[PDB]
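A.B. asks: Pasting a structure below so you can have a look.
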Amino acid sequence: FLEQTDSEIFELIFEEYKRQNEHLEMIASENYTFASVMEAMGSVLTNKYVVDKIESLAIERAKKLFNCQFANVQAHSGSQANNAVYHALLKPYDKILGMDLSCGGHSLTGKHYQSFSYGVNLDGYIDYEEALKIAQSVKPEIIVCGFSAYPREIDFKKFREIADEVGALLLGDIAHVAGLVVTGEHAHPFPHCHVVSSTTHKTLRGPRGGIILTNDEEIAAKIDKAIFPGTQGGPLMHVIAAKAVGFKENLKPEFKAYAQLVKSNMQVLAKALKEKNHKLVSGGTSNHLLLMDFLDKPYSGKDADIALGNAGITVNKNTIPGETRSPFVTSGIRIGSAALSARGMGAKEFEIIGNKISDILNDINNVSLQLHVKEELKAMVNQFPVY
Amino acid sequence: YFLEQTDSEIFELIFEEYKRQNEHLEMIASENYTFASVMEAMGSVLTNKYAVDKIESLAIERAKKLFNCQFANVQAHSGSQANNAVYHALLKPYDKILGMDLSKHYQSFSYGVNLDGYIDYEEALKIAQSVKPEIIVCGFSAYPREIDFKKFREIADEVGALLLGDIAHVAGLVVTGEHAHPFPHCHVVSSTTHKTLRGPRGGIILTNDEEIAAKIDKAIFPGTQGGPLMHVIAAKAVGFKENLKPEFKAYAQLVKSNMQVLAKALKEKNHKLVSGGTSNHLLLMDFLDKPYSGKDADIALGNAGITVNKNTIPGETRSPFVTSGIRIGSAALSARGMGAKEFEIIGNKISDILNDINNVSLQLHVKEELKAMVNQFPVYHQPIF
């Protein structure tokens, strides 16, 4: 009935749905939401405004899915989740240790905290020994593990060893691998982490929001008061019901297959890139993503992002360890598997995808090549429709 | 519907809420039934779109034509976050705010209500001369009459304050011409997109000053909160376009039309209303000199199908969690199409239960009679879109 009342909005929705169908989304953060989730998102629950039956069911499935004791499913974003943990567990000017991708470069500012950083190996792996050294120097009130551009598994255990020695808290931000964590395709953060924050979209393919989890009753109580309003007299029930719908789909064993599909596709893509002698940070991936490395190549990370978009492949420029160039051109790119794997695309496609990528960056200024593969890939993605 | 197959527990709760919206009479002033098309955009593939946009631009333009202003910001997630975004864009810390009550670093002061139940503009002037606020705020959740923006500008312009009209509770009436218009008297206007507007839940900030409009955009830049939610902004544009139709002006007259019928009916059964009536979508009963409480009245009719809330009234005797008044709104039942015939019946059923407030048998009896009335006024035909 949008086709009858609002023509202009309807053309914009169809424009978008055709736009999602006719390109390869390989940005690591992007995915296609469960159809069932959009259904709840567009229900009469937007009308309704002391526990509600629906946030219970969301918290119930949240606890079962993430294997924990308490859950706050009211965070509006992955950033609020992290920020809400900070207000609940810290005091002003408390120190915060977190990850970046520098190598050895490590008092910096926060919203009203002090941020310190630990980095990675010369092998692109997290340097845990260096982290304990920094943790012993800084003596931080909290440590954050988790990172958007990290191509490998995080060792939540070794981090709790560093936090126990230093007398710190351990926040697990699994917002980028929650799909892999939830299905056993990634080290679980519990019981090593005092708190876990995460986004409910991305790899979990739920609605857009945050979630907070913990096994400690006192932390759960403070998280409830820190989230406090959402600044609204109404808890948005349709979004919460959408959250519970997304959690039940994540518990299905079909989702566990999706998760290993996401990782094996990444394995195919990474293998296909190296066989043509491209360089990946840490030499590969154990993740939903890889990071190409262009430090010793004529073109930039900016250059490859633009070129590959011209071919209809949406990727992500990203700085890498040992960054030579400016932060707004960078020396790498960050490619994701989770979007195509939700389409049902398997190993055969991601290998063709892998060489079509290799062909374009081995010839970064061949505009006609980029255009040939764009049409060649639009016909593939047309064979694997979303919805 | 996938949800019936894939998740019957959630669908059970969705169909339960939809069945309930047609099982009781909804009379909370702030509650209403969003347009069926708005919910259709809420569940679009626009969720997957992580990112100004053609859709954001179309929402802003419809906002300017619906609210008759030169600028609009659609990125607020609630009427409250829209107010706070205005304060944080225009006020340094320790600045002063003067807003209405029912008798960050910012300091709040209040104006109030005279004995008649109307805003007292003479006192509101005297408090603004003394406090010297940097912003005066109109708009109030439980006021039964029209806000005189033109006079609030005179108070603001006399003391050099900004005027913020908060038309969130009266927005459907303003953009229809059934309420005084906040422009161009108010320097800046805030509102919700639900309640009387019948759109999705969220906020809107309006202004005819460009340098104010630029500060707001930067205050929404930090409070963006990981968006923008393209399905929600697309929903807001859908509601604005239904609000421009002449069907909406017909509706907003019904909301006042029905509220006059009900207010008239309560008075001829010798019930006291705050300010003696309404110019509005809403009405407040006065139980000051009465043996029962606003909580007692709420619980009473709640168990009779009529969903109202308890409310403070000027010169309150009882606690805050017990009150001396109830607030009765008219918009949600008007969206169902109920008219003067139904709203007349409502008033007398309210008296019968208000004058025998502890007859639980009368309450369950009244609930069965008016649920057959509500059976003949469906709100939607579908639970999901």
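Each chain in the structure tokens gets a letter, A, B and so on, in the order shown; residues start at 1 in every chain, and ligands are counted from 1 in the order they appear.
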Residues near residue 86 of chain A, anyone? I mean within 10 Å using only C-alpha atoms, not counting same-chain ones fewer than 2 positions away, as an NGL selection string.

C.D. replies: :A and (80-84 or 88-92 or 94 or 96 or 111 or 113 or 142 or 171 or 223 or 226)

A.B. asks: Enumerate the residues of segment 142-360 of chain B with a DSSP assignment of helix (DSSP H, G or I), computed from the backbone, and present them as a PyMOL selection string.

C.D. replies: chain B and resi 149-159+171-174+195-197+210-220+222-224+230-244+246-268+274-276+294-302+331-335+340-354+360

A.B. asks: With C-alpha atoms retained, could you export that selection as an mmCIF file, in the first residue's frame?

C.D. replies:
data_model
loop_
_atom_site.group_PDB
_atom_site.id
_atom_site.type_symbol
_atom_site.label_atom_id
_atom_site.label_comp_id
_atom_site.auth_asym_id
_atom_site.auth_seq_id
_atom_site.Cartn_x
_atom_site.Cartn_y
_atom_site.Cartn_z
ATOM 1 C CA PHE B 149 3.269 31.641 21.233
ATOM 2 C CA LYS B 150 2.921 35.293 20.202
ATOM 3 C CA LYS B 151 2.919 36.279 23.872
ATOM 4 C CA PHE B 152 5.817 33.952 24.733
ATOM 5 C CA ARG B 153 7.885 35.741 22.090
ATOM 6 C CA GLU B 154 7.086 39.057 23.790
ATOM 7 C CA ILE B 155 8.402 37.623 27.064
ATOM 8 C CA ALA B 156 11.454 36.129 25.344
ATOM 9 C CA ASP B 157 12.175 39.288 23.344
ATOM 10 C CA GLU B 158 11.733 41.424 26.471
ATOM 11 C CA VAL B 159 14.490 39.568 28.378
ATOM 12 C CA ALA B 171 1.705 18.589 16.687
ATOM 13 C CA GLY B 172 -1.113 16.933 14.752
ATOM 14 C CA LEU B 173 -3.334 19.907 15.563
ATOM 15 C CA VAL B 174 -0.712 22.550 14.757
ATOM 16 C CA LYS B 195 1.233 10.714 19.080
ATOM 17 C CA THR B 196 -1.110 13.009 17.157
ATOM 18 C CA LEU B 197 1.079 13.058 14.028
ATOM 19 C CA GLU B 210 19.852 29.364 9.286
ATOM 20 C CA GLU B 211 22.576 29.892 11.909
ATOM 21 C CA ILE B 212 20.383 28.087 14.432
ATOM 22 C CA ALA B 213 19.732 25.350 11.853
ATOM 23 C CA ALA B 214 23.488 24.915 11.410
ATOM 24 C CA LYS B 215 24.215 24.488 15.129
ATOM 25 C CA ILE B 216 21.525 21.805 15.428
ATOM 26 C CA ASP B 217 23.047 19.816 12.561
ATOM 27 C CA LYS B 218 26.378 19.726 14.407
ATOM 28 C CA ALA B 219 24.648 18.771 17.668
ATOM 29 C CA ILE B 220 23.037 15.861 15.819
ATOM 30 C CA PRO B 222 27.803 13.918 17.770
ATOM 31 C CA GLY B 223 24.537 12.409 18.996
ATOM 32 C CA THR B 224 24.097 10.527 15.720
ATOM 33 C CA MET B 230 17.303 4.919 6.885
ATOM 34 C CA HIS B 231 14.187 2.844 7.541
ATOM 35 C CA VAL B 232 13.184 5.210 10.350
ATOM 36 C CA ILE B 233 13.858 8.392 8.367
ATOM 37 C CA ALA B 234 11.962 6.921 5.405
ATOM 38 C CA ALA B 235 9.108 6.179 7.808
ATOM 39 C CA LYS B 236 9.070 9.818 8.979
ATOM 40 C CA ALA B 237 8.737 11.057 5.390
ATOM 41 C CA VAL B 238 5.839 8.621 4.911
ATOM 42 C CA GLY B 239 3.993 10.062 7.906
ATOM 43 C CA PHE B 240 4.624 13.677 6.900
ATOM 44 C CA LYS B 241 3.026 13.002 3.510
ATOM 45 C CA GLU B 242 -0.083 11.473 5.072
ATOM 46 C CA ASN B 243 -0.190 14.531 7.345
ATOM 47 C CA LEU B 244 -0.394 16.867 4.337
ATOM 48 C CA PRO B 246 -6.882 16.883 3.637
ATOM 49 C CA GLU B 247 -7.899 13.611 5.305
ATOM 50 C CA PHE B 248 -5.602 14.619 8.156
ATOM 51 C CA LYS B 249 -7.261 17.997 8.681
ATOM 52 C CA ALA B 250 -10.574 16.134 8.777
ATOM 53 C CA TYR B 251 -9.027 13.884 11.426
ATOM 54 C CA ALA B 252 -7.556 16.644 13.576
ATOM 55 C CA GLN B 253 -10.908 18.410 13.687
ATOM 56 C CA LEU B 254 -12.441 15.111 14.817
ATOM 57 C CA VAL B 255 -9.945 14.944 17.691
ATOM 58 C CA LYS B 256 -11.131 18.307 19.026
ATOM 59 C CA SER B 257 -14.716 17.594 17.939
ATOM 60 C CA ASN B 258 -14.771 14.359 19.958
ATOM 61 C CA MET B 259 -12.998 15.999 22.896
ATOM 62 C CA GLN B 260 -15.750 18.626 23.095
ATOM 63 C CA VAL B 261 -18.498 15.981 23.144
ATOM 64 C CA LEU B 262 -16.766 14.115 25.967
ATOM 65 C CA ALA B 263 -15.983 17.249 27.988
ATOM 66 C CA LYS B 264 -19.595 18.395 27.606
ATOM 67 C CA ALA B 265 -20.896 15.005 28.765
ATOM 68 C CA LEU B 266 -18.704 14.901 31.874
ATOM 69 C CA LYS B 267 -19.783 18.398 32.939
ATOM 70 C CA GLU B 268 -23.531 17.774 32.784
ATOM 71 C CA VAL B 274 -9.262 21.458 34.989
ATOM 72 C CA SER B 275 -9.698 24.851 33.260
ATOM 73 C CA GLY B 276 -13.387 24.013 32.782
ATOM 74 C CA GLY B 294 -6.537 9.833 40.349
ATOM 75 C CA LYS B 295 -4.911 6.450 40.858
ATOM 76 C CA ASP B 296 -8.262 5.178 42.135
ATOM 77 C CA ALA B 297 -9.958 6.445 38.969
ATOM 78 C CA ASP B 298 -7.220 5.074 36.687
ATOM 79 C CA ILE B 299 -7.297 1.539 38.130
ATOM 80 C CA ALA B 300 -11.122 1.703 38.152
ATOM 81 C CA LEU B 301 -11.699 2.379 34.444
ATOM 82 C CA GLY B 302 -8.555 0.480 33.428
ATOM 83 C CA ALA B 331 -6.693 11.197 19.285
ATOM 84 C CA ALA B 332 -6.212 7.422 19.314
ATOM 85 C CA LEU B 333 -9.941 6.660 19.355
ATOM 86 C CA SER B 334 -10.437 9.269 16.635
ATOM 87 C CA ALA B 335 -7.955 7.448 14.400
ATOM 88 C CA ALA B 340 -19.830 11.903 18.711
ATOM 89 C CA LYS B 341 -22.150 8.906 19.164
ATOM 90 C CA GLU B 342 -19.352 6.772 20.640
ATOM 91 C CA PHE B 343 -17.792 9.580 22.693
ATOM 92 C CA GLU B 344 -21.140 10.463 24.231
ATOM 93 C CA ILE B 345 -21.537 6.854 25.427
ATOM 94 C CA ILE B 346 -17.987 7.045 26.802
ATOM 95 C CA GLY B 347 -18.690 9.991 29.096
ATOM 96 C CA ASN B 348 -21.747 8.492 30.789
ATOM 97 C CA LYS B 349 -20.025 5.128 31.281
ATOM 98 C CA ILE B 350 -17.205 7.060 32.950
ATOM 99 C CA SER B 351 -19.628 8.779 35.348
ATOM 100 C CA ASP B 352 -21.335 5.512 36.328
ATOM 101 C CA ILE B 353 -17.934 4.102 37.287
ATOM 102 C CA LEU B 354 -16.583 7.333 38.771
ATOM 103 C CA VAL B 360 -15.886 -4.137 40.455
#

A.B. asks: Near chain A, meaning an atom within 9 Å, which residues of chain B appear when counting only C-alpha atoms? Write them as a compact mmCIF listing (two decimals) with C-alpha atoms, in the first residue's frame.

C.D. replies:
# COMPACT_ATOMS: atom_id res chain seq x y z
CA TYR B 1 4.44 -14.10 7.25
CA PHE B 2 7.70 -15.88 8.07
CA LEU B 3 7.19 -15.24 11.78
CA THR B 6 9.89 -19.47 12.00
CA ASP B 7 8.98 -17.97 15.41
CA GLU B 9 6.32 -17.32 20.25
CA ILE B 10 7.15 -13.80 19.06
CA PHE B 11 4.26 -13.84 16.57
CA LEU B 13 3.07 -11.64 21.20
CA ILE B 14 2.67 -9.52 18.05
CA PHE B 15 -0.84 -10.83 17.36
CA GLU B 17 -0.77 -6.69 21.01
CA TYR B 18 -2.80 -6.17 17.82
CA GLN B 21 -5.49 -2.56 20.52
CA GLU B 31 -0.92 7.10 22.51
CA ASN B 32 -2.03 6.69 18.91
CA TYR B 33 -2.01 4.28 15.98
CA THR B 34 0.76 4.84 13.43
CA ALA B 36 -0.18 1.46 8.15
CA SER B 37 2.16 2.78 5.44
CA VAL B 38 4.63 4.14 8.01
CA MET B 39 5.00 0.64 9.47
CA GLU B 40 5.49 -0.63 5.92
CA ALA B 41 8.57 1.55 5.50
CA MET B 42 9.79 0.59 8.99
CA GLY B 43 10.21 -2.99 7.77
CA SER B 44 11.93 -2.23 4.46
CA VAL B 45 15.34 -3.38 3.21
CA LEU B 46 16.40 0.16 4.11
CA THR B 47 17.67 -1.43 7.36
CA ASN B 48 20.55 -2.99 5.40
CA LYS B 49 21.43 0.47 4.03
CA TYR B 50 24.11 1.63 6.48
CA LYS B 54 18.07 11.12 -1.05
CA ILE B 55 15.64 9.79 1.57
CA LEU B 58 12.91 14.00 0.98
CA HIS B 77 15.30 9.68 17.94
CA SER B 78 12.77 11.10 20.43
CA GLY B 79 11.01 14.30 21.38
CA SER B 80 13.21 14.47 24.48
CA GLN B 81 16.47 14.02 22.57
CA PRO B 200 6.97 6.66 13.73
CA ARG B 201 8.62 7.34 17.05
CA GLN B 225 24.38 7.25 17.69
CA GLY B 226 25.56 4.91 14.94
CA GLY B 227 23.08 5.56 12.13
CA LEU B 229 18.47 4.71 10.49
CA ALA B 234 11.96 6.92 5.40
CA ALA B 235 9.11 6.18 7.81
CA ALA B 237 8.74 11.06 5.39
CA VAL B 238 5.84 8.62 4.91
CA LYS B 241 3.03 13.00 3.51
CA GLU B 242 -0.08 11.47 5.07
CA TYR B 380 -5.86 -2.17 11.19
CA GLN B 382 -3.21 -6.87 9.51
CA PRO B 383 -0.76 -7.44 12.39
CA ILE B 384 2.38 -7.04 10.21
CA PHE B 385 3.26 -5.17 7.02

A.B. asks: Excluding segment 132-144 of chain B and its own-chain neighbours fewer than 3 positions away, which residues fall within 7 Å of it when counting only C-alpha atoms? Please give them as an MDAnalysis selection string.

C.D. replies: chainID B and resid 95:100 128:129 147 156 159 161:167 169 278:280 282:283

A.B. asks: Print the selection's residues with N, CA and C atoms to a file, as a PDB file, in the first residue's frame.

C.D. replies:
ATOM      1  N   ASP B  95      23.889  27.475  31.810  1.00  0.00           N
ATOM      2  CA  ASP B  95      22.862  28.365  31.294  1.00  0.00           C
ATOM      3  C   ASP B  95      21.512  28.036  31.931  1.00  0.00           C
ATOM      4  N   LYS B  96      20.544  28.940  31.765  1.00  0.00           N
ATOM      5  CA  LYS B  96      19.266  28.847  32.465  1.00  0.00           C
ATOM      6  C   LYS B  96      18.115  28.586  31.496  1.00  0.00           C
ATOM      7  N   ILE B  97      17.186  27.726  31.914  1.00  0.00           N
ATOM      8  CA  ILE B  97      16.024  27.344  31.120  1.00  0.00           C
ATOM      9  C   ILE B  97      14.762  27.605  31.938  1.00  0.00           C
ATOM     10  N   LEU B  98      13.743  28.178  31.296  1.00  0.00           N
ATOM     11  CA  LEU B  98      12.455  28.463  31.928  1.00  0.00           C
ATOM     12  C   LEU B  98      11.362  27.772  31.124  1.00  0.00           C
ATOM     13  N   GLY B  99      10.799  26.700  31.686  1.00  0.00           N
ATOM     14  CA  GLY B  99       9.771  25.925  31.020  1.00  0.00           C
ATOM     15  C   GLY B  99       8.576  25.702  31.931  1.00  0.00           C
ATOM     16  N   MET B 100       7.591  24.982  31.402  1.00  0.00           N
ATOM     17  CA  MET B 100       6.326  24.848  32.106  1.00  0.00           C
ATOM     18  C   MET B 100       6.307  23.625  33.013  1.00  0.00           C
ATOM     19  N   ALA B 128      10.502  35.631  34.235  1.00  0.00           N
ATOM     20  CA  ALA B 128      11.529  35.762  33.210  1.00  0.00           C
ATOM     21  C   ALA B 128      12.345  37.033  33.392  1.00  0.00           C
ATOM     22  N   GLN B 129      11.721  38.109  33.875  1.00  0.00           N
ATOM     23  CA  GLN B 129      12.487  39.305  34.215  1.00  0.00           C
ATOM     24  C   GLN B 129      13.476  39.014  35.337  1.00  0.00           C
ATOM     25  N   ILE B 147      -1.425  27.127  23.417  1.00  0.00           N
ATOM     26  CA  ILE B 147      -0.238  27.862  23.822  1.00  0.00           C
ATOM     27  C   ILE B 147      -0.191  29.155  23.024  1.00  0.00           C
ATOM     28  N   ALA B 156      10.089  36.455  25.742  1.00  0.00           N
ATOM     29  CA  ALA B 156      11.454  36.129  25.344  1.00  0.00           C
ATOM     30  C   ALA B 156      12.182  37.364  24.828  1.00  0.00           C
ATOM     31  N   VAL B 159      13.348  39.919  27.543  1.00  0.00           N
ATOM     32  CA  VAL B 159      14.490  39.568  28.378  1.00  0.00           C
ATOM     33  C   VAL B 159      15.648  39.012  27.556  1.00  0.00           C
ATOM     34  N   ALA B 161      15.757  36.298  25.615  1.00  0.00           N
ATOM     35  CA  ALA B 161      15.849  34.846  25.616  1.00  0.00           C
ATOM     36  C   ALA B 161      15.401  34.281  24.276  1.00  0.00           C
ATOM     37  N   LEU B 162      15.868  33.070  23.993  1.00  0.00           N
ATOM     38  CA  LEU B 162      15.355  32.299  22.872  1.00  0.00           C
ATOM     39  C   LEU B 162      14.012  31.678  23.241  1.00  0.00           C
ATOM     40  N   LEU B 163      13.150  31.519  22.240  1.00  0.00           N
ATOM     41  CA  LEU B 163      11.858  30.875  22.433  1.00  0.00           C
ATOM     42  C   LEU B 163      11.879  29.506  21.766  1.00  0.00           C
ATOM     43  N   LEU B 164      11.665  28.459  22.559  1.00  0.00           N
ATOM     44  CA  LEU B 164      11.560  27.091  22.061  1.00  0.00           C
ATOM     45  C   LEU B 164      10.129  26.615  22.257  1.00  0.00           C
ATOM     46  N   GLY B 165       9.405  26.456  21.152  1.00  0.00           N
ATOM     47  CA  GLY B 165       8.090  25.855  21.200  1.00  0.00           C
ATOM     48  C   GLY B 165       8.199  24.351  21.097  1.00  0.00           C
ATOM     49  N   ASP B 166       7.652  23.634  22.075  1.00  0.00           N
ATOM     50  CA  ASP B 166       7.689  22.172  22.097  1.00  0.00           C
ATOM     51  C   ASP B 166       6.273  21.698  21.789  1.00  0.00           C
ATOM     52  N   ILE B 167       5.984  21.549  20.502  1.00  0.00           N
ATOM     53  CA  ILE B 167       4.639  21.226  20.044  1.00  0.00           C
ATOM     54  C   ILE B 167       4.458  19.718  19.943  1.00  0.00           C
ATOM     55  N   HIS B 169       3.179  17.435  21.909  1.00  0.00           N
ATOM     56  CA  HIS B 169       1.903  16.876  22.338  1.00  0.00           C
ATOM     57  C   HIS B 169       0.723  17.432  21.560  1.00  0.00           C
ATOM     58  N   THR B 278     -11.680  22.229  27.369  1.00  0.00           N
ATOM     59  CA  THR B 278     -10.562  21.879  26.510  1.00  0.00           C
ATOM     60  C   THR B 278     -10.668  22.647  25.199  1.00  0.00           C
ATOM     61  N   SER B 279      -9.511  22.980  24.643  1.00  0.00           N
ATOM     62  CA  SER B 279      -9.365  23.530  23.299  1.00  0.00           C
ATOM     63  C   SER B 279      -8.428  22.642  22.497  1.00  0.00           C
ATOM     64  N   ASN B 280      -8.533  21.337  22.718  1.00  0.00           N
ATOM     65  CA  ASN B 280      -7.373  20.466  22.665  1.00  0.00           C
ATOM     66  C   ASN B 280      -7.785  19.070  22.222  1.00  0.00           C
ATOM     67  N   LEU B 282      -7.048  16.768  24.604  1.00  0.00           N
ATOM     68  CA  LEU B 282      -6.897  16.175  25.921  1.00  0.00           C
ATOM     69  C   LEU B 282      -7.749  16.925  26.938  1.00  0.00           C
ATOM     70  N   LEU B 283      -8.021  16.253  28.055  1.00  0.00           N
ATOM     71  CA  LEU B 283      -8.914  16.740  29.099  1.00  0.00           C
ATOM     72  C   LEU B 283      -8.404  16.218  30.441  1.00  0.00           C
TER      73      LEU B 283
END

A.B. asks: Could you check the closest approach to residue 133 of chain A for each of A:217, A:275, A:165, A:60 and tell me which residue wins, using only C-alpha atoms?

C.D. replies: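 Residue with the minimum atom-to-atom distance to residue 133 of chain A: A:165.
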
A.B. asks: What is the distance, in Å and to one decimal place, between atom CA of residue 383 of chain A and atom CA of residue 359 of chain A?

C.D. replies: 22.3 Å

A.B. asks: Contacts of residue 336 of chain B at 8 Å or less, counting only C-alpha atoms, minus same-chain residues fewer than 4 places along, as a list in words?

C.D. replies: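 Those residues are residues 332, 377, 378 and 379 of chain B.
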
A.B. asks: Next, the residues of the selection above should be written as a compact mmCIF listing (two decimals), in the first residue's frame with C-alpha atoms.

C.D. replies:
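This went into out_22.txt:
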# COMPACT_ATOMS: atom_id res chain seq x y z
CA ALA B 332 -6.21 7.42 19.31
CA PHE B 377 -14.13 0.27 14.82
CA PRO B 378 -11.07 -1.68 13.66
CA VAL B 379 -7.74 0.11 13.56

A.B. asks: Excluding residue 204 of chain B and residues on its chain fewer than 6 positions from it, collect all residues at most 9 Å away from it, counting only C-alpha atoms, and give them as a PDB file with N, CA, C and O atoms, in the first residue's frame.

C.D. replies:
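And here is the file that came out, around-v2.pdb:
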ATOM      1  N   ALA B  63       9.050  17.894   5.788  1.00  0.00           N
ATOM      2  CA  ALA B  63       8.954  18.528   7.099  1.00  0.00           C
ATOM      3  C   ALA B  63       8.799  20.036   6.972  1.00  0.00           C
ATOM      4  O   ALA B  63       8.024  20.654   7.711  1.00  0.00           O
ATOM      5  N   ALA B  72      14.707  22.086   8.808  1.00  0.00           N
ATOM      6  CA  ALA B  72      14.275  20.980   9.649  1.00  0.00           C
ATOM      7  C   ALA B  72      15.398  19.958   9.777  1.00  0.00           C
ATOM      8  O   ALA B  72      16.188  19.757   8.851  1.00  0.00           O
ATOM      9  N   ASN B  73      15.467  19.319  10.942  1.00  0.00           N
ATOM     10  CA  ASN B  73      16.418  18.247  11.197  1.00  0.00           C
ATOM     11  C   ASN B  73      15.628  17.028  11.644  1.00  0.00           C
ATOM     12  O   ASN B  73      14.910  17.087  12.649  1.00  0.00           O
ATOM     13  N   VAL B  74      15.759  15.928  10.897  1.00  0.00           N
ATOM     14  CA  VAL B  74      14.944  14.739  11.119  1.00  0.00           C
ATOM     15  C   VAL B  74      15.677  13.653  11.889  1.00  0.00           C
ATOM     16  O   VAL B  74      15.126  12.561  12.060  1.00  0.00           O
ATOM     17  N   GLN B  75      16.888  13.916  12.374  1.00  0.00           N
ATOM     18  CA  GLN B  75      17.738  12.862  12.913  1.00  0.00           C
ATOM     19  C   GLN B  75      17.513  12.581  14.397  1.00  0.00           C
ATOM     20  O   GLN B  75      18.165  11.684  14.945  1.00  0.00           O
ATOM     21  N   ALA B  76      16.606  13.293  15.058  1.00  0.00           N
ATOM     22  CA  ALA B  76      16.359  13.038  16.471  1.00  0.00           C
ATOM     23  C   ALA B  76      15.567  11.747  16.657  1.00  0.00           C
ATOM     24  O   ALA B  76      14.635  11.458  15.902  1.00  0.00           O
ATOM     25  N   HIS B  77      15.941  10.965  17.675  1.00  0.00           N
ATOM     26  CA  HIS B  77      15.300   9.679  17.940  1.00  0.00           C
ATOM     27  C   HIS B  77      14.127   9.773  18.909  1.00  0.00           C
ATOM     28  O   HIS B  77      13.435   8.769  19.112  1.00  0.00           O
ATOM     29  N   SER B  78      13.887  10.935  19.508  1.00  0.00           N
ATOM     30  CA  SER B  78      12.772  11.105  20.428  1.00  0.00           C
ATOM     31  C   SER B  78      12.523  12.590  20.620  1.00  0.00           C
ATOM     32  O   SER B  78      13.406  13.420  20.389  1.00  0.00           O
ATOM     33  N   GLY B  79      11.305  12.918  21.052  1.00  0.00           N
ATOM     34  CA  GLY B  79      11.007  14.298  21.378  1.00  0.00           C
ATOM     35  C   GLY B  79      11.907  14.856  22.462  1.00  0.00           C
ATOM     36  O   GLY B  79      12.230  16.046  22.455  1.00  0.00           O
ATOM     37  N   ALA B  82      15.349  15.558  21.030  1.00  0.00           N
ATOM     38  CA  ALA B  82      15.289  16.761  20.210  1.00  0.00           C
ATOM     39  C   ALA B  82      15.396  18.015  21.068  1.00  0.00           C
ATOM     40  O   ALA B  82      16.078  18.975  20.692  1.00  0.00           O
ATOM     41  N   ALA B 168       5.235  18.960  20.726  1.00  0.00           N
ATOM     42  CA  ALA B 168       5.245  17.505  20.590  1.00  0.00           C
ATOM     43  C   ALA B 168       3.899  16.874  20.941  1.00  0.00           C
ATOM     44  O   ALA B 168       3.509  15.871  20.333  1.00  0.00           O
ATOM     45  N   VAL B 189      11.614  25.231  17.110  1.00  0.00           N
ATOM     46  CA  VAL B 189      10.505  24.357  17.470  1.00  0.00           C
ATOM     47  C   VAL B 189      11.006  22.922  17.508  1.00  0.00           C
ATOM     48  O   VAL B 189      11.804  22.510  16.659  1.00  0.00           O
ATOM     49  N   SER B 190      10.549  22.167  18.504  1.00  0.00           N
ATOM     50  CA  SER B 190      10.816  20.740  18.603  1.00  0.00           C
ATOM     51  C   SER B 190       9.493  19.988  18.611  1.00  0.00           C
ATOM     52  O   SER B 190       8.447  20.545  18.963  1.00  0.00           O
ATOM     53  N   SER B 191       9.537  18.714  18.218  1.00  0.00           N
ATOM     54  CA  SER B 191       8.327  17.902  18.227  1.00  0.00           C
ATOM     55  C   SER B 191       8.685  16.428  18.118  1.00  0.00           C
ATOM     56  O   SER B 191       9.805  16.061  17.756  1.00  0.00           O
ATOM     57  N   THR B 192       7.702  15.594  18.444  1.00  0.00           N
ATOM     58  CA  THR B 192       7.714  14.166  18.169  1.00  0.00           C
ATOM     59  C   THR B 192       7.005  13.903  16.846  1.00  0.00           C
ATOM     60  O   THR B 192       6.223  14.724  16.360  1.00  0.00           O
ATOM     61  N   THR B 193       7.278  12.740  16.266  1.00  0.00           N
ATOM     62  CA  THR B 193       6.624  12.358  15.023  1.00  0.00           C
ATOM     63  C   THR B 193       5.517  11.334  15.228  1.00  0.00           C
ATOM     64  O   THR B 193       4.869  10.947  14.254  1.00  0.00           O
TER      65      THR B 193
END

A.B. asks: Would you compute the distance between atom CA of residue 122 of chain A and atom CA of residue 293 of chain A? Give it in Å to one decimal.

C.D. replies: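 Atom-to-atom, atom CA of residue 122 of chain A to atom CA of residue 293 of chain A, that is 13.2 Å.
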
A.B. asks: Please report, as CSV, each residue of segment 103-198 of chain A lying at most 12 Å from segment 333-340 of chain A, together with the nearest pair of atoms and the separation in Å rounded to one decimal; use only C-alpha atoms, and order rows by chain and ascending residue number.

C.D. replies:
residue,atom,partner,partner_atom,distance
A:148,CA,A:334,CA,9.5
A:149,CA,A:334,CA,7.0
A:150,CA,A:334,CA,9.5
A:151,CA,A:334,CA,9.1
A:176,CA,A:338,CA,10.7
A:177,CA,A:338,CA,10.2
A:178,CA,A:338,CA,11.7
A:179,CA,A:338,CA,9.2
A:180,CA,A:338,CA,10.3

A.B. asks: May I have the residues within 9 Å of residue 189 of chain A as a list in words, using only C-alpha atoms and disregarding those fewer than 6 positions away in the same chain?

C.D. replies: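 Here the qualifying residues turn out to be residues 154, 155, 156, 157, 172, 173, 174, 181, 195 and 196 of chain A.
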
A.B. asks: Could you write out, as a ChimeraX atom specification, all the residues of segment 115-328 of chain A that DSSP marks as strand (DSSP E)?

C.D. replies: /A:115-118,142-145,169-173,195-199,210-214,279-280,289-293,313-314,317-318
